[PDB]
């Protein structure tokens, strides 16, 4: 009966968390293996027990242990039984990491007066959840908590939500979630919150939120300095970032399905990693004089992008900044870019006809792996020295034209 002891009742294991006299608390599950269901329980509703008794002692079930309600296939390929829905009693205060990994429950129902405060990392990753209404008591959602819940279509938060923090990739890899409303209480969002999600049309922010804003379904920081997420299914053909924007967050236009023309504003300094990854309709993008940093794979898989003009003052390029741009016809490299890093331009570049290098430095540098491009691409450069640098470093024998002075 001591702390850490396993109590097994009706083929459910519980592990003692606390005990004092005849009052204690348990987690449901040993934290290692999942609860095994009976054949008759397959595809039927199930309620997590709330209280267990051992002699004159009473243990309240306060936590769902890691793996307790996870669904895993068996090496034999036999059917592994699992309920169609799970009801969580008010006594549950925490869902440990992977408590419902891969869950086949289509819904999770909370009994009235939930005490649920924390959903830990990956609690519902790869789940078959279709709908869930999170209780007001919930304050924290862990990393990748609902990631890869491909059938999740409705995710809401009860009135008077206390939700303050939603961690990294909590709503990543989703395929059927068309909208979400962040409660007024949300203060912190982890990075890549919607990474690889393909379904959102709009992300709303409850009136009064002090940290975030929603403008035409686009998520920003309240001060509009950070464009956090542009919904992939927002159907506008053209868009202009607001004048206050200083950065595009990582994955902010990931999987974008409809945008064709994007105008960035002067004052924007940074484009995050994967910002335009798989933005498959983007044809034109205006990059500002203020742009300083373009991170890894910001331009990746842009199936319709026709041209790129890198502005004159970019200082920092991440690894593989431009890759897989099959309709890119031309690239221009701005005036004060005098050093081209490794892995700058590569991948499918079927339409690339020309690269214009505007720099005039006597110290211009290229690495042997800066370019991995078709030999048919033509370069336009300002001096014979820059042509010499290209000839010495290019893996291909491209035509290089030195412009007249």
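Numbering follows the first chain given and starts at 1.
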With B-factors read from the PDB entry, the higher C-alpha mean of 134 to 142 and 331 to 339 is in 331 to 339
For the higher mean C-alpha B factor in the entry, choose 393 to 401 or 20 to 28. 20 to 28
Between 120, 307, 278, 295, which one tops the list for Cα B-factor in this entry? 307
Could you check 290, 198, 90, 226 and tell me which one carries the biggest Cα B-factor in the deposited entry? 90
Of the three thirds of Cα B-factor ranks in this chain, residue 326 occupies the middle
Residue 283: which third of its chain by C-alpha temperature factor? middle
Where does residue 69 sit by CA temperature factor within its chain: lowest, middle or highest third? middle
When the modelled residues of the chain are sorted by Cα temperature factor, does residue 78 land in the lowest, middle or highest third? highest
Split the chain's modelled residues into thirds by Cα B-factor; residue 36 lands in the highest
